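Encoded as structure tokens, the structure appears first; notes follow it.
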Amino acid sequence: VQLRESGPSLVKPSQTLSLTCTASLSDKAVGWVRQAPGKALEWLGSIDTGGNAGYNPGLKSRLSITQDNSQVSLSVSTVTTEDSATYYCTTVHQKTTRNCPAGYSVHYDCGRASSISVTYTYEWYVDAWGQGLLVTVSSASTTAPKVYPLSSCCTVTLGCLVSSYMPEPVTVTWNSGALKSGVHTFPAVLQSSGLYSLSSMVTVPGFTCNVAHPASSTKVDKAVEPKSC
Amino acid sequence: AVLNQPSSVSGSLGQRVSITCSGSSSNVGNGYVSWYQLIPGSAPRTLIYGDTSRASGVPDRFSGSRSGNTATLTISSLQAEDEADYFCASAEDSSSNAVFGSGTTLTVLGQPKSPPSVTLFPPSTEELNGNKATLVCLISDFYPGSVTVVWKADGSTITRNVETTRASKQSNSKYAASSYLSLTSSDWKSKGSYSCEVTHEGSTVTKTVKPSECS
């Protein structure tokens, strides 16, 4: 089972943000969890099979979740600088069990007779998580990156240089996911001009990086080969 | 509106470690606490659901518990791959309203130190065609994560135009960092040797590039 999150990685302040979640989707509910950078996880909401949607009480007026029975869309209106977070789509299990003590006697519709109040237990846990999606919140400007191949001067070390771009993030995949053993993508550095710059090297004992920059809708493929020497 | 967790929790290698999730009667009082593990570079991992029930593919060392309004997560025989952020969560007043924990960072002590792996790349020919040069120095797989970086040009210490990132923790408990020397194209071919000197726990690793013998 897989789970993909789609949407814009950039949204300006005072603007509605809309995401979309697709997965391989009616056995369990679908939930949304966001994590502010350097903060705890934040429960946003969910929607079950029957269509019942639950929201976080602190933000219930701001966000809304729609579903088309296999895409669940989360819409948080009037974004701000505090909404910049990684939004995980998740399949969460929800179940409300009204419990009664020993005797097997329960009833609703407002020994057989009982004077013990009905206390209920709410079952909740995230079954499966998604890879995630970072949505940044700033006016700024989408500046695309320039990719340059990296090779030694003469194991063998190669890589790619994702230079001069904004805003974050950037996903660098080597060989469209085929090359994964030996790949190391470093975090970006913030230069004086205000643009980020990261690298992604691959170590070989004895090659085409696929750099994607979502804010500019950019997907550049760069072939890398060691120097002739 | 977040469940109280300890900020930092440190345990020795192979030893026990407990993480308390101090809550109230509406959330942890409802007997359905869940636990989650957050490893850098990976999607969050569901550890325990419903107080004591382990998830799929989680070892027996990860045991969950709760006494009244307080749930704890116990990690026995702690390893280096257990270093992560752990969060507790439970429903509150509704099956679709859940609150998480403040977070607990697990740092496992007793790990052996490792020297940094330094790699220095010259400016690409394609970038040199725009009258610009950027030297990329990549440092990876060093523990602990304190690394001091200095550049040199033919023995003379560089200071200007240098931007170095902080040590980011890798997936294997070790740390990584990068350093960039943005230069003018004339400034790249204006020296004989450029060195990325990396110092870590006294042991210094250095890589050197020479524009004359690098084509």
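Residue numbering restarts at 1 in every chain; chains get A, B, ... in the order shown in the structure tokens, and ligands count up from 1 in that same order.
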Closest atom pairs, chain A residues within 7 Å of chain B, only C-alpha atoms, as CSV:
```
residue,atom,partner,partner_atom,distance
A:40,CA,B:102,CA,5.5
A:41,CA,B:100,CA,6.2
A:42,CA,B:100,CA,6.7
A:43,CA,B:98,CA,6.3
A:46,CA,B:96,CA,6.8
A:54,CA,B:96,CA,4.9
A:55,CA,B:97,CA,6.5
A:56,CA,B:97,CA,6.0
A:94,CA,B:95,CA,5.5
A:95,CA,B:95,CA,5.9
A:96,CA,B:95,CA,5.7
A:121,CA,B:30,CA,5.6
A:122,CA,B:95,CA,5.0
A:123,CA,B:32,CA,5.9
A:124,CA,B:91,CA,5.8
A:125,CA,B:49,CA,6.0
A:126,CA,B:46,CA,6.8
A:127,CA,B:46,CA,6.8
A:129,CA,B:44,CA,6.4
A:130,CA,B:43,CA,6.4
A:131,CA,B:43,CA,5.2
A:148,CA,B:124,CA,6.4
A:149,CA,B:124,CA,6.3
A:150,CA,B:121,CA,6.3
A:151,CA,B:121,CA,6.2
A:152,CA,B:121,CA,5.7
A:153,CA,B:214,CA,4.8
A:154,CA,B:214,CA,6.8
A:189,CA,B:165,CA,5.5
A:191,CA,B:163,CA,6.4
```
Hey, can you spit out that residue selection with N, CA, C and O atoms as a short mmCIF file (atom, residue, chain, number, x, y, z; two decimals), in the first residue's frame?
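Listing of result.cif after writing:
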```
data_model
loop_
_atom_site.label_atom_id
_atom_site.label_comp_id
_atom_site.auth_asym_id
_atom_site.auth_seq_id
_atom_site.Cartn_x
_atom_site.Cartn_y
_atom_site.Cartn_z
N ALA A 40 5.60 20.19 17.51
CA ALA A 40 4.96 18.89 17.60
C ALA A 40 4.01 18.67 16.42
O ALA A 40 3.69 19.60 15.66
N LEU A 41 3.58 17.43 16.26
CA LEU A 41 2.58 17.11 15.25
C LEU A 41 1.25 17.74 15.62
O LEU A 41 0.90 17.89 16.79
N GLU A 42 0.49 18.12 14.59
CA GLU A 42 -0.78 18.82 14.77
C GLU A 42 -1.86 18.08 14.00
O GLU A 42 -1.78 17.96 12.77
N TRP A 43 -2.87 17.59 14.72
CA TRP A 43 -4.00 16.93 14.08
C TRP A 43 -4.89 17.98 13.42
O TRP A 43 -5.36 18.91 14.08
N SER A 46 -10.13 14.69 9.57
CA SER A 46 -10.29 13.42 8.87
C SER A 46 -11.71 13.31 8.35
O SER A 46 -12.58 14.13 8.66
N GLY A 54 -14.39 15.14 11.05
CA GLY A 54 -14.02 15.74 12.32
C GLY A 54 -12.87 16.71 12.13
O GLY A 54 -11.98 16.46 11.31
N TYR A 55 -12.89 17.81 12.88
CA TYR A 55 -11.90 18.86 12.74
C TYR A 55 -11.27 19.17 14.09
O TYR A 55 -11.83 18.86 15.15
N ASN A 56 -10.10 19.78 14.03
CA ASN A 56 -9.44 20.24 15.25
C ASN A 56 -10.19 21.45 15.81
O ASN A 56 -10.55 22.36 15.06
N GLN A 94 -10.82 5.24 13.42
CA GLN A 94 -11.69 5.94 14.35
C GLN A 94 -12.84 5.03 14.75
O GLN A 94 -13.42 4.35 13.91
N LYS A 95 -13.16 5.04 16.05
CA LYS A 95 -14.23 4.20 16.58
C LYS A 95 -14.60 4.69 17.97
O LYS A 95 -13.73 4.82 18.84
N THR A 96 -15.88 4.96 18.17
CA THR A 96 -16.40 5.42 19.46
C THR A 96 -17.19 4.28 20.08
O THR A 96 -18.22 3.86 19.53
N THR A 121 -15.25 5.04 25.41
CA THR A 121 -13.85 5.05 25.04
C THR A 121 -13.73 5.33 23.55
O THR A 121 -14.39 4.66 22.74
N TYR A 122 -12.90 6.30 23.19
CA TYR A 122 -12.71 6.70 21.80
C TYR A 122 -11.42 6.08 21.27
O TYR A 122 -10.34 6.34 21.79
N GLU A 123 -11.55 5.25 20.23
CA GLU A 123 -10.41 4.58 19.63
C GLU A 123 -9.87 5.43 18.48
O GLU A 123 -10.61 5.79 17.56
N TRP A 124 -8.58 5.76 18.55
CA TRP A 124 -7.95 6.60 17.53
C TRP A 124 -6.47 6.27 17.45
O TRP A 124 -5.78 6.28 18.47
N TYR A 125 -6.00 6.00 16.23
CA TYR A 125 -4.57 5.82 15.97
C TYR A 125 -4.35 5.85 14.46
O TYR A 125 -5.19 5.37 13.70
N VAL A 126 -3.22 6.41 14.05
CA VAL A 126 -2.87 6.48 12.64
C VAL A 126 -2.31 5.14 12.20
O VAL A 126 -1.29 4.68 12.74
N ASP A 127 -2.97 4.50 11.23
CA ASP A 127 -2.53 3.19 10.77
C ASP A 127 -1.34 3.30 9.83
O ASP A 127 -0.31 2.64 10.04
N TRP A 129 1.09 6.13 7.30
CA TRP A 129 1.48 7.50 7.04
C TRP A 129 1.87 7.68 5.58
O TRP A 129 2.16 6.71 4.86
N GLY A 130 1.88 8.94 5.14
CA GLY A 130 2.35 9.29 3.82
C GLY A 130 3.76 9.87 3.87
O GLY A 130 4.27 10.24 4.92
N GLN A 131 4.37 9.94 2.68
CA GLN A 131 5.74 10.46 2.60
C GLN A 131 5.80 11.91 3.06
O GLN A 131 6.78 12.32 3.71
N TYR A 148 24.10 21.71 -11.90
CA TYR A 148 25.42 21.55 -12.49
C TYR A 148 25.98 20.19 -12.08
O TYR A 148 25.90 19.82 -10.90
N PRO A 149 26.55 19.43 -13.01
CA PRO A 149 27.10 18.12 -12.65
C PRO A 149 28.36 18.24 -11.82
O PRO A 149 29.15 19.17 -11.97
N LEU A 150 28.55 17.27 -10.93
CA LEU A 150 29.69 17.24 -10.03
C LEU A 150 30.53 15.99 -10.30
O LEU A 150 29.99 14.89 -10.45
N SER A 151 31.84 16.18 -10.37
CA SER A 151 32.77 15.08 -10.58
C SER A 151 34.12 15.45 -9.98
O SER A 151 34.42 16.63 -9.78
N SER A 152 34.92 14.44 -9.68
CA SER A 152 36.20 14.64 -9.02
C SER A 152 37.23 15.22 -10.00
O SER A 152 36.96 15.41 -11.19
N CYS A 153 38.43 15.49 -9.49
CA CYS A 153 39.49 16.12 -10.26
C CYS A 153 40.47 15.14 -10.89
O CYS A 153 41.13 15.50 -11.87
N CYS A 154 40.59 13.93 -10.34
CA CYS A 154 41.56 12.91 -10.76
C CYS A 154 42.92 13.49 -11.14
O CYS A 154 43.82 13.58 -10.30
N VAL A 189 21.83 25.03 2.05
CA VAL A 189 22.45 26.13 2.77
C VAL A 189 21.84 27.43 2.27
O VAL A 189 21.49 27.56 1.09
N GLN A 191 22.44 31.16 1.44
CA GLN A 191 23.52 32.06 1.11
C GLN A 191 23.12 33.51 1.40
O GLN A 191 22.04 33.79 1.91
#
```
Pick out each residue of range 99-183 of chain A that DSSP on the backbone tags as strand (DSSP E); I need them as a ChimeraX atom specification.
/A:99,119-128,134-137,146-151,156-165,171-174,183
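Residue neighbourhood of residue 199 in chain B, excluding near-sequence residues (fewer than 6 positions): residues 115, 116, 117, 118, 139, 142, 144, 145, 146, 147, 148, 149, 150, 151, 205, 206 and 207 of chain B, at 12 Å, using only C-alpha atoms.
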Using the selection just defined, write its residues with N, CA, C and O atoms as an mmCIF file, in the first residue's frame.
```
data_model
loop_
_atom_site.group_PDB
_atom_site.id
_atom_site.type_symbol
_atom_site.label_atom_id
_atom_site.label_comp_id
_atom_site.auth_asym_id
_atom_site.auth_seq_id
_atom_site.Cartn_x
_atom_site.Cartn_y
_atom_site.Cartn_z
ATOM 1 N N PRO B 115 35.393 9.153 12.126
ATOM 2 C CA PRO B 115 36.011 10.293 11.461
ATOM 3 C C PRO B 115 35.126 10.805 10.336
ATOM 4 O O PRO B 115 34.336 10.042 9.754
ATOM 5 N N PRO B 116 35.222 12.087 9.996
ATOM 6 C CA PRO B 116 34.389 12.630 8.917
ATOM 7 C C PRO B 116 34.901 12.227 7.543
ATOM 8 O O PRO B 116 36.109 12.132 7.307
ATOM 9 N N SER B 117 33.961 11.987 6.633
ATOM 10 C CA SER B 117 34.266 11.691 5.239
ATOM 11 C C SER B 117 34.137 12.978 4.434
ATOM 12 O O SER B 117 33.040 13.536 4.322
ATOM 13 N N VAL B 118 35.251 13.446 3.878
ATOM 14 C CA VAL B 118 35.319 14.731 3.194
ATOM 15 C C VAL B 118 35.454 14.485 1.698
ATOM 16 O O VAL B 118 36.260 13.652 1.267
ATOM 17 N N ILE B 139 30.688 16.882 3.764
ATOM 18 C CA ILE B 139 31.157 16.135 4.925
ATOM 19 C C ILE B 139 30.029 15.227 5.388
ATOM 20 O O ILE B 139 28.885 15.675 5.533
ATOM 21 N N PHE B 142 30.114 11.447 10.401
ATOM 22 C CA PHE B 142 30.986 11.783 11.516
ATOM 23 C C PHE B 142 30.170 11.868 12.797
ATOM 24 O O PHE B 142 29.071 12.432 12.811
ATOM 25 N N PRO B 144 31.017 12.491 17.141
ATOM 26 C CA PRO B 144 29.845 13.361 17.306
ATOM 27 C C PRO B 144 29.716 14.419 16.209
ATOM 28 O O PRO B 144 30.581 14.512 15.338
ATOM 29 N N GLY B 145 28.646 15.207 16.260
ATOM 30 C CA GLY B 145 28.318 16.108 15.173
ATOM 31 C C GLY B 145 28.878 17.511 15.283
ATOM 32 O O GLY B 145 28.285 18.459 14.761
ATOM 33 N N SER B 146 30.017 17.667 15.950
ATOM 34 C CA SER B 146 30.696 18.954 16.047
ATOM 35 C C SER B 146 31.875 18.939 15.081
ATOM 36 O O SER B 146 32.845 18.202 15.287
ATOM 37 N N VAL B 147 31.791 19.749 14.028
ATOM 38 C CA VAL B 147 32.818 19.806 12.993
ATOM 39 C C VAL B 147 33.149 21.265 12.713
ATOM 40 O O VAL B 147 32.249 22.073 12.462
ATOM 41 N N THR B 148 34.437 21.597 12.755
ATOM 42 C CA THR B 148 34.926 22.927 12.413
ATOM 43 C C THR B 148 35.582 22.873 11.041
ATOM 44 O O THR B 148 36.418 22.000 10.782
ATOM 45 N N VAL B 149 35.204 23.802 10.166
ATOM 46 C CA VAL B 149 35.623 23.794 8.770
ATOM 47 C C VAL B 149 36.362 25.089 8.470
ATOM 48 O O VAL B 149 35.869 26.179 8.782
ATOM 49 N N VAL B 150 37.541 24.967 7.861
ATOM 50 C CA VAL B 150 38.317 26.109 7.397
ATOM 51 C C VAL B 150 38.799 25.823 5.980
ATOM 52 O O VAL B 150 39.180 24.693 5.657
ATOM 53 N N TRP B 151 38.762 26.844 5.131
ATOM 54 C CA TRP B 151 39.260 26.755 3.767
ATOM 55 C C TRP B 151 40.633 27.408 3.664
ATOM 56 O O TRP B 151 41.008 28.256 4.477
ATOM 57 N N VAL B 205 40.767 16.078 8.652
ATOM 58 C CA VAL B 205 40.727 15.510 7.310
ATOM 59 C C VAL B 205 40.689 16.658 6.311
ATOM 60 O O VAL B 205 39.957 17.635 6.502
ATOM 61 N N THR B 206 41.480 16.539 5.245
ATOM 62 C CA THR B 206 41.615 17.614 4.272
ATOM 63 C C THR B 206 41.581 17.051 2.859
ATOM 64 O O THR B 206 42.196 16.018 2.577
ATOM 65 N N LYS B 207 40.857 17.738 1.979
ATOM 66 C CA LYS B 207 40.828 17.440 0.554
ATOM 67 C C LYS B 207 41.261 18.677 -0.218
ATOM 68 O O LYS B 207 40.911 19.803 0.152
#
```
Could you give me the residues within chain A that DSSP places in helix (DSSP H, G or I), as a PDB file with C-alpha atoms, in the first residue's frame?
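See selection-v6.pdb below for the written result:
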```pdb
ATOM      1  CA  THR A  81       3.445  32.390   8.161  1.00  0.00           C
ATOM      2  CA  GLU A  82       2.510  29.941  10.944  1.00  0.00           C
ATOM      3  CA  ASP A  83       0.914  27.484   8.486  1.00  0.00           C
ATOM      4  CA  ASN A 175      18.076   7.460 -12.024  1.00  0.00           C
ATOM      5  CA  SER A 176      14.363   8.098 -11.362  1.00  0.00           C
ATOM      6  CA  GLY A 177      14.615   5.998  -8.198  1.00  0.00           C
ATOM      7  CA  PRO A 214       7.900  22.149  -7.168  1.00  0.00           C
ATOM      8  CA  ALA A 215       7.496  25.903  -6.620  1.00  0.00           C
ATOM      9  CA  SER A 216       8.560  26.669 -10.208  1.00  0.00           C
TER      10      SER A 216
END
```
Hey, what's within 7 Å of residue 224 in chain A if we count only C-alpha atoms and toss same-chain stuff fewer than 2 positions away? As a list in words, please? residues 149, 207, 208, 222 and 226 of chain A
How would the residues just picked look written out with C-alpha atoms as a short mmCIF file (atom, residue, chain, number, x, y, z; two decimals), in the first residue's frame?
```cif
data_model
loop_
_atom_site.label_atom_id
_atom_site.label_comp_id
_atom_site.auth_asym_id
_atom_site.auth_seq_id
_atom_site.Cartn_x
_atom_site.Cartn_y
_atom_site.Cartn_z
CA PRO A 149 27.10 18.12 -12.65
CA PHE A 207 24.25 8.34 -13.76
CA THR A 208 21.51 10.97 -14.16
CA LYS A 222 21.14 16.17 -15.64
CA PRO A 226 33.31 11.16 -14.36
#
```
Tell me, as a PDB file with N, CA and C atoms, in the first residue's frame, which residues lie within 10 Å of residue 14 in chain B, counting only C-alpha atoms; anything in the same chain fewer than 5 positions away does not count.
```pdb
ATOM      1  N   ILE B  75      11.571   1.669  26.065  1.00  0.00           N
ATOM      2  CA  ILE B  75      12.466   1.112  25.057  1.00  0.00           C
ATOM      3  C   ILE B  75      13.563   0.356  25.795  1.00  0.00           C
ATOM      4  N   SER B  76      13.552  -0.967  25.675  1.00  0.00           N
ATOM      5  CA  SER B  76      14.557  -1.818  26.291  1.00  0.00           C
ATOM      6  C   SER B  76      15.629  -2.178  25.271  1.00  0.00           C
ATOM      7  N   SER B  77      16.859  -2.331  25.756  1.00  0.00           N
ATOM      8  CA  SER B  77      18.016  -2.622  24.911  1.00  0.00           C
ATOM      9  C   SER B  77      18.116  -1.607  23.772  1.00  0.00           C
ATOM     10  N   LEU B  78      18.265  -0.343  24.162  1.00  0.00           N
ATOM     11  CA  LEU B  78      18.265   0.748  23.197  1.00  0.00           C
ATOM     12  C   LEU B  78      19.433   0.615  22.227  1.00  0.00           C
ATOM     13  N   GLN B  79      19.179   0.954  20.969  1.00  0.00           N
ATOM     14  CA  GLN B  79      20.162   0.873  19.897  1.00  0.00           C
ATOM     15  C   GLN B  79      20.421   2.265  19.330  1.00  0.00           C
ATOM     16  N   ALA B  80      21.357   2.334  18.381  1.00  0.00           N
ATOM     17  CA  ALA B  80      21.664   3.608  17.740  1.00  0.00           C
ATOM     18  C   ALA B  80      20.575   4.020  16.760  1.00  0.00           C
ATOM     19  N   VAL B 108      20.876   8.348  22.216  1.00  0.00           N
ATOM     20  CA  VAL B 108      21.489   7.158  22.795  1.00  0.00           C
ATOM     21  C   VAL B 108      22.974   7.426  23.000  1.00  0.00           C
ATOM     22  N   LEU B 109      23.431   7.299  24.240  1.00  0.00           N
ATOM     23  CA  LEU B 109      24.822   7.543  24.585  1.00  0.00           C
ATOM     24  C   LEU B 109      25.653   6.275  24.397  1.00  0.00           C
ATOM     25  N   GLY B 110      26.971   6.450  24.417  1.00  0.00           N
ATOM     26  CA  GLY B 110      27.891   5.340  24.295  1.00  0.00           C
ATOM     27  C   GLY B 110      28.258   4.943  22.884  1.00  0.00           C
TER      28      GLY B 110
END
```
Between A:156, A:113, A:220, A:172, smallest distance to residue 205 in chain A by only C-alpha atoms belongs to A:156
